[PDB]
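Visitor: In order, the protein sequence lines correspond to chains A, B, C, D, E, F and G. For the first sequence, the numbering used here gives the first residue as 848, with consecutive numbering after it. For the second sequence, the numbering used here gives the first residue as 848, with consecutive numbering after it. For the third sequence, the numbering used here gives the first residue as 848, with consecutive numbering after it. For the fourth sequence, the numbering used here gives the first residue as 0, with consecutive numbering after it. For the fifth sequence, the numbering used here gives the first residue as 0, with consecutive numbering after it. For the sixth sequence, the numbering used here gives the first residue as 0, with consecutive numbering after it. For the seventh sequence, the numbering used here gives the first residue as 0, with consecutive numbering after it. Even for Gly, the Cβ is constructed at its ideal location relative to N, Cα and C. Can you read through this structure? Questions will come right after.
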Amino acid sequence: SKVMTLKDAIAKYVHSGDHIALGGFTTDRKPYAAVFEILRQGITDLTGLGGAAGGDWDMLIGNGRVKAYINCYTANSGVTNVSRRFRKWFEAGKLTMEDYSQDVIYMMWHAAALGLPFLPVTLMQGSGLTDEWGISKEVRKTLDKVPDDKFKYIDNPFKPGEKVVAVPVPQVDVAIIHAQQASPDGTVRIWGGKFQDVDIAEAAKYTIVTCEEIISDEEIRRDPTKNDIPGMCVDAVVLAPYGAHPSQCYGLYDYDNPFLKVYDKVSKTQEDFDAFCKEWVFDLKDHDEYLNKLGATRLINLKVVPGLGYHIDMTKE
Amino acid sequence: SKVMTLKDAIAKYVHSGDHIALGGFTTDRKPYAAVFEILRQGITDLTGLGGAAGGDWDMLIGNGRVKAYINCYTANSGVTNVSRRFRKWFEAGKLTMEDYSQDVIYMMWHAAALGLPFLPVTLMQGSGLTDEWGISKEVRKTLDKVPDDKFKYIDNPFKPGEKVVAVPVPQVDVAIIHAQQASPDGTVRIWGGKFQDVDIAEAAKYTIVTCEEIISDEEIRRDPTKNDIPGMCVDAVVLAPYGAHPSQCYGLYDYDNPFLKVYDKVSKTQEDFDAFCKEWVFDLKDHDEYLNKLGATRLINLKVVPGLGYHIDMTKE
Amino acid sequence: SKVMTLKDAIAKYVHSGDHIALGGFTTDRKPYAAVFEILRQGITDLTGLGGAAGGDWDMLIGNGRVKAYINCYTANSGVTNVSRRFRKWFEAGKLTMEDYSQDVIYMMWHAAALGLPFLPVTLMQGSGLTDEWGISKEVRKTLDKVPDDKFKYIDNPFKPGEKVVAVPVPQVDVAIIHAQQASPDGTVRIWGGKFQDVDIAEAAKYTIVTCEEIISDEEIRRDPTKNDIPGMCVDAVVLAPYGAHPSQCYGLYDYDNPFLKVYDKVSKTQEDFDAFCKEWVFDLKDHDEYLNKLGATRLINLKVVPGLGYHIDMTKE
Amino acid sequence: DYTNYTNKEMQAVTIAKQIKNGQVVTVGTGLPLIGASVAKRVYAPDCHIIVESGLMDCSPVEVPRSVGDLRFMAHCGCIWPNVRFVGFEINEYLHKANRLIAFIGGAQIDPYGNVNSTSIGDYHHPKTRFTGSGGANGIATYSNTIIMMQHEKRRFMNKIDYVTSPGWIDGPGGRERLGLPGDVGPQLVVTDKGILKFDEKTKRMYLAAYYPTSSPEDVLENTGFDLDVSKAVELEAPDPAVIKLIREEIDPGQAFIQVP
Amino acid sequence: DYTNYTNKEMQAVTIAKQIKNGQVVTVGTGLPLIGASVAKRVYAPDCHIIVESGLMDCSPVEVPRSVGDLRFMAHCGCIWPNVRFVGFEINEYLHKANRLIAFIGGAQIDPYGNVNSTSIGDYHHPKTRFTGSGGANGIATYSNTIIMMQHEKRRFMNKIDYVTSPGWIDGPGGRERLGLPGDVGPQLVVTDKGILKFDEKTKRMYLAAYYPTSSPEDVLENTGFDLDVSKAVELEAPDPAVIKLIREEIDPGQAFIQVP
Amino acid sequence: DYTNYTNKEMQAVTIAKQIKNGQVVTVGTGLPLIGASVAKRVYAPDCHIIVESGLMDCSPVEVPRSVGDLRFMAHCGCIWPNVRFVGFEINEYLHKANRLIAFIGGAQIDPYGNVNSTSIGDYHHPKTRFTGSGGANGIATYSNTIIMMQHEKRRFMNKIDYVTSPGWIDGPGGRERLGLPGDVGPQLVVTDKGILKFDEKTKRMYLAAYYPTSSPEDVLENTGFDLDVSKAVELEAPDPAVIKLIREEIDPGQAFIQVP
Amino acid sequence: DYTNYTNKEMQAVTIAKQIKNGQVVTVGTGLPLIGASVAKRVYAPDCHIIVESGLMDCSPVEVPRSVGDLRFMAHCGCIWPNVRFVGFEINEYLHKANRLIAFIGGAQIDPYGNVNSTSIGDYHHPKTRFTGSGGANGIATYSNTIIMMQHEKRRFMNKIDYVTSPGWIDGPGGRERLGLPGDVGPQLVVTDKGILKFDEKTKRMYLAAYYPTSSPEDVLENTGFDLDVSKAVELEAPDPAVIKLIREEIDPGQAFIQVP
Ligand SMILES: [Cu+2]
């Protein structure tokens, strides 16, 4: 099967240099257990599109693991308005970064899953998003894994006098996503919206799926309608309960707000930040240790209430 | 609410000389009931991308309603390998038609839904699909629901030397799909594969949904993970049990082979064809007449067996 | 497997002079299809506890098939408040009958299932239920499918002075129930209330199950929490879609009022009654004829709307 | 909706006004049902309806024509086997929970509340045969009851032909003398003219009130036995809000409340 | 829930008074979400809320914190992929459905509604770095917008530091020449001191209305460029029945609306 | 089940013997389908069937008559939109996963594998009009293919009337010259007489083997062009176990394999 | 999974050789469950296992540890209430279905199969206290049984300390006079040294067969009362194909079968 530990999997399919893509949307279904092992493994010089990025890309950036970052939005939405390590390193001039509108980013990934030569869109024009390059042609040329051109204005072949913005389709080496159920053969079930998750698991050369639970192949096929990705597109399946913590995970648990608040203040300085990372990331041997550190009841009180879809304290109802 | 009779739905939204789109894939969840009504209503000069068509498009063509057809495949796969009326009408030179691959048809509609200014693909080169146009530029300059150019060759702005095939995106007028459940406000649920149904519903200026059952706006929202199209996209819900007959409907009923065979041999000649259309379409007042004409036990015996997903006779198991 | 035709089921298991039990409660999931077959087959001298009866027992009585009836209630509640044929036939002195409360009827069957040597209850005292026997001891000594005593008074062995009413337990011959799903090996699934259906199936020497659908022994076991009777208790599974018509079937179809009204007025006289039974029972070869006679759209319009559980016309919502 | 309320409406609203918040109400269909509905929806939002089929804590949307109706079944808190309903009512008593109030009905009624629902005339060769006991026998043995009757002299007799559901028997100690639970019995009787109660000391029925439409005399002209109509007060007409309600939500189909 | 309304509530109510019935509304969280929730509930019951992460036809219970929250996800009509959302706003323009209205925010704005929410200073070496564009750019390219802004003189600049969301660019004709859809643009600016509009023929910003707690001069004094305040009218305080709603039904936890 | 195997059976078992454990097999219905089934069930239990409708990793019980057949749909590992199938096959190439093997078919075939499935004779006024491209055009552009053909001289020509699905074009460099992915193309051709391959250096077709029923000569008498039948070996007859299988499990209904 | 069979496997196989096809089998866990699982799998595929906690028609995957385990619950045909199970065994007797066979255990047994599993010594002040009866008493009152026993001389007593499960009581006629169903009783005794039976006409125990690893004298020497061993035949070692099954498919975790 494709069942392997989160240490083994990350080591085998993820490498410095890689153009990665992380699933989930801000504080909803982010692959945290995994982002921990990437850091814990000294993996570095990664490039990638952020998408609706949260604490995940913040941790990588702050830990100086990003060579170039393609950006549309970065905030632990609700808790942190604008990720701190992120805006600090960019403000410091210590991070190579490009800005695209979010629409274009989700498209780029989609066009990749599709197989398009490139992506023509009638978006970003007349905006500073075309009038300004984050990564100059000069710097782009010396970078491995980054297009030489941010975009190119081209004529619309069927609408003369009209031009569109052509955008390079990204080549994703590894895709890391978190789902509720998966089989040993890689069949993946993601309840609720998928965000860019299915696109990046189709596009990426290598795909790692962290899941809350693993069910037999016979079982996951009993109702083909619930499956979102065929085994073929998946290389590593890792059992990681609450692997999205502190972010939501539809039908299972709600975001851990106290935790996200700690991180919000902690990340206001590199010192507080590094201190935080040493305790939660570097000092822990594996994900189990993370769960135990958190404690039983703490996880239980994050569970979703059927009917509501989120967590409400029913004893006060 | 948007709940209306078929006669009214069609008469209001569907017009002659309209670029239409019909959901379904060959013998699976094709909107037959709506086709019959379009016919009785004498709607003509219809131009539309066939998609992976069958009896539905055959019947429109044979009845001479299609002004321009954009083919990629047409058959009741398993019964009639080539839609007899479609082939005869084309060979005789009555059917104005174009050929793209099925890949480029489905990608065309989807690109429409997504809002791309045009579709760039690296498919169809080095083949008759690009060498020969079924509809010439001189002919196309008279067809208002067809682009002047079948396609164009353009350079990949990011890979010099390489040329890509830029296909024009369809501006669909009306989309007619058949779903298993819809609700008074438009929200639709398609169990199983949507095929191109959601793309067309999103892209079309007007979309009509015939459904096996209407449930309430509140019941359909209790688990939004079963929904496929928001109601802002649907203009008319039409209750039509077995409205996809003789094509299957996932979760409900299987295809009526006996009825498909009749159409197979009957369509071999326009004489018999017109006879068939008189008895089953023009002589019938509506969908209820059609259902009663078929028979109670008839329809019952088409039923999908839980566990298989298709019909069989358990009384022989 | 135990899958068989109705004609065969009945002929093999149901005999004249048999103590039978029919599942259902007035106008809810009554095994009508099986009643019609018993009738065509000329099965007579049937003695059985009516339970909360309606049209099914009325028709057996009116057709003069019941040798001894044990009443507690008989009507198509909502339509005919008193089963017309039942009352006429009794008043005219043709129907040999007994009266217990409904409480004591249901408790009687259940005590049978449970295997109690007799049923002790503190119900029916100080009322006509104990004061007067509808069937005398002298008459009872000739009825072989009826106990010699309607009941007895006995002391509570644990509460001196207090006397309890000891009712005799029924030794049921054949139980005929109608379920929504059964499987080739007997395993039955009754969605909603079972009423007395499981008690009779367990207690009866032979039990026959007509069902709306037959699924496989493997599919029915995938979630054993939906099952109600193990197959060791069922002797014959009979596929009979809408075999409970005109009584409702939970999850599937509602009651046919129009058909219930016809029976209401038609049963007011034996002349019309016999006419009704000739057209709908004796003139019809089988259940498929019955279904076709009713009509496709007829049955379709009985359909249960998800969310309500009963039928309504959503096209007016 | 307006000022022209029907007799049946008067009875339903009167029934609804007898229900209390928190009590378990045993019902069937018809006016009692319309009574429980109006209470549940208006007068006592948290009372719990239960029917003899085994459908506990009911809340119908459209009115059920039967007790096993999917209209009840698909709209209740729990579906129990028939027998558990018997056991429930018995246990309610044994626990001395004192909260259950059950509705019944019949063809005849005597001064002590005893009711007949089986047959009129010689039981073994009746003049009129009815359905039979049903579960009313059980309800009568163990629950405080509100009997429903049509105010007709031939119905209100001195000696009924058959006792299907036991009431106060003959008077104080009677139920006990017959073996029936003693601290439970007929509490009220609602009919098309007024509400009659039972004397605390003699258990013999007397008129406790009469509708705006009736008078103590009319009641008398229609009761086949002597009634003490000296304590009777006149009830008020139904409030439009409740009539609007009954008509436009509880029974717009006029299954039972056939509006003018 | 009385008559002591907060400035945010004044804004959230004024927002809600602009949502016509049946129109489609794109919002995030924050004040526009409150306003949408209030119109949805009272002013325009059949308007439809949609969010950039692809969550279609929303009706939250507890207010969401981010536009991808389960608070939205579990309470929507259709959960679509992000791409279909962008596909949706564009098609609306192509269909000429003319029923969509959208909310965007930002750090600076200019006479023609061009907004900046990417950075303050040089984009290459910025004084202050925000999240960036998000879906703001798609929204302002293809939708009629309502801009949420702080009324500081340093935010109302004659020329901004970066145009992440394109308004009327430079006046009449500006948008189309840059290849932007010409008949979709900034409709209204809602700040903490009132609402500003753009001339129909010159596209330049002018004061439309000021809150009770503000005045035209207050407005002028906190605007970096000249305005035509001489045409402004004073809005009316929020109907107290609404403030009760916002506090009790909409945001009891005060996630976006804090009481005094 | 026994010694009397049909030609179609010979082709199916031969097709099954070309599938490898672990590879993704693109199929449709008919012999290729019967081929994949027999492999999956016998020769290569872990190969993954995929059809052009978007049904990934299929395992049918009863044979599908179509690619969208519920017989596939209710029996697959994932239901993807049509477009994701195109994207998958393209990505498979881009990743250089090298595992995909797709089956196709047509009306005519030339020495370089190019196939026609659109029309015979003048395309604009055909002698025989067929369905058209389907997704075979896409499959031909990006996947190594096994073409199916009827061994008829009028089918095997030098110049086909229409190129629906591109093969080796004219020879080495041809695909590249035309813009088609170069490292992918016709690999084998299975017909009712034997299997023909394509020369590594010239890409021109030659007979690689022939069924026990045929001979290198028969092949020649039926090919409308010059064939190198000098390397051809004779394949063995089908094993009863596989015939029993095909007949009694894969297609007892004789949808395709119509048994004697 | 070879030829080194354990004593428990010998027993579990011998048990399984007694389950005719189609009959209903009542078992717990332990050896009888293993044996049932083995017959179910090979000797008698359509026999049906039922357990005293009301779990009907069982087919475990991983063997259960207690008769109410999810190991059974999640792998059965019908999950009934305990009461229906007792209702079932009785009705089988009433129906004369004559297809039920049951397993009981115990600490002592006597010439007529009466078994004790309640206590050793005085029941009021016992030397050793067991769990008590469980469902053993119902089973031995209404079912034909197979008794699982250790072959110790101290267990085969002429008279036991307490009869929790009634056998043939005292010989012919004994059961009926005590008011026990007369045509249902102890069929076979299976110990670790072989199988013992009860005379058809005297109901007294006699040695039927001894295992390879035992002999009639071994049997006599470990039995507290006299036996007729002169009629016993030696059973045959377990078919190795079966021992493989028990070890690999049935009980890989060695919960009841430990390998050497
Ligand atoms: Cu490395």
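I want to see whether chain B comes within less than 9 Å of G1156(C), judged by CB atoms only; does it?
Guide: For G1156(C), the answer is no, since every Cβ of chain B falls outside 9 Å of its Cβ.
Visitor: Assuming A236(E) contacts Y4(E) under a Cβ cut-off of 8 Å, what Cβ separation, rounded to an integer in Å, is found between them?
Guide: Indeed they touch by this definition, with Cβ atoms about 6 Å apart.
Visitor: With respect to 8 Å, is the separation between the Cβ of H866(A) and the closest non-hydrogen atom of ligand 1 below this value?
Guide: Because no heavy atom of ligand 1 lies under 8 Å away, the Cβ of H866(A) does not count as near it: no.
Visitor: Are there any heavy atoms of ligand 1 lying less than 8 Å away from the beta-carbon of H862(A), as far as the coordinates show?
Guide: Flag set: Cβ of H862(A) near ligand 1.
Visitor: Could you name the residues of the same chain whose beta carbon sits closer than 8 Å to that of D56(G), not counting the 5 residues immediately before and after it, in chain order?
Guide: The residues are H47, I48, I49, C75, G76, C77.
Visitor: Look up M1079(A) in the DSSP assignment and give the residues it is bridged to.
Guide: Answer by DSSP bridge pairing: none, since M1079(A) is not bridged.
Visitor: Hey, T891(C) and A915(C) are a contact pair by Cβ (cut 8 Å); roughly how many whole angstroms apart?
Guide: Between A915(C) and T891(C) the Cβ distance is about 12 Å, and since that is not below 8 Å, they are no contact.
Visitor: I'd like to know whether the C-beta atoms of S142(E) and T25(E) end up nearer to each other than 9 Å.
Guide: Yes; because the gap between Cβ atoms is below 9 Å, this pair is in contact.
Visitor: Can you list the residues of chain H that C919(B) reaches, using a CB-CB cut of under 8 Å?
Guide: The structure shown contains no chain H; its protein chains are A, B, C, D, E, F and G.
Visitor: Residue range of the alpha helix (DSSP H) that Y1110(C) falls in?
Guide: Here the alpha helix (DSSP H) through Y1110(C) covers 1104-1113.
Visitor: Quick check on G34(D): buried or exposed, where buried means 16 or more other Cβ atoms within 10 Å of its Cβ?
Guide: The residue is buried, with at least 16 neighbouring Cβ atoms inside 10 Å.
Visitor: Any beta carbon from chain B within less than 9 Å of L976(A)'s own beta carbon?
Guide: Not one chain B Cβ lies under 9 Å of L976(A).
Visitor: Report the residues of the stretch 1046-1078 of chain B with a CB closer than 8 Å to any CB of chain C, ordered along the chain.
Guide: Hits within the stretch, in order: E1060, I1061, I1062, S1063, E1065, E1066.
Visitor: Which same chain residues end up closer than 8 Å to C1124(C) when comparing Cβ atoms and leaving out the 5 residues on each side of it in sequence?
Guide: The answer, listed in chain order, is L886, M906, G909, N910.
Visitor: If you count every other CB in all the chains shown that lies within 10 Å of the CB of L226(E), and 16 or more means buried, which is it?
Guide: With 16 or more other Cβ atoms within 10 Å, it is buried.
Visitor: Taking C-beta pairs closer than 8 Å, name the residues in chain F that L961(A) reaches, listed in chain order.
Guide: Correct list: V82, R83, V85, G86, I89.
Visitor: Among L970(A), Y947(A), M944(A), whose alpha-carbon lies nearest the alpha-carbon of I89(E)?
Guide: Cα-wise, what sits closest to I89(E) is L970(A).
Visitor: Taking C-beta to C-beta, are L896(B) and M955(B) nearer than 9 Å?
Guide: Taking 9 Å as the Cβ cut-off, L896(B) and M955(B) qualify as a contacting pair.
Visitor: If you count every other CB in all the chains shown that lies within 10 Å of the CB of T921(B), and 16 or more means buried, which is it?
Guide: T921(B) comes out buried.
Visitor: Whose CA, out of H124(F), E61(F), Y161(F), lies closest to the CA of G105(F)?
Guide: The candidate whose alpha carbon is nearest that of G105(F) is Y161(F).
Visitor: Within 10 Å of its beta-carbon, does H94(D) have 16 or more other beta-carbons around it, so buried, or fewer, so exposed?
Guide: Classification for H94(D): exposed.
Visitor: Quick one: what does DSSP say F1123(A) is sitting in, helix, strand or coil?
Guide: It is helical.
Visitor: With a cut-off of 9 Å, does the C-beta of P110(D) fall near any C-beta of chain C?
Guide: Taking Cβ atoms only, chain C never reaches closer than 9 Å to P110(D), which makes this a no.
Visitor: Here's the rule I'm using: 16 or more other beta-carbon atoms within 10 Å means buried, otherwise exposed. How should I1001(C) be labelled?
Guide: By the neighbour-count rule (16 or more Cβ atoms within 10 Å), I1001(C) is not buried but exposed.
Visitor: Taking DSSP as the reference, what is the three-state secondary structure of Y161(G)?
Guide: Coil.
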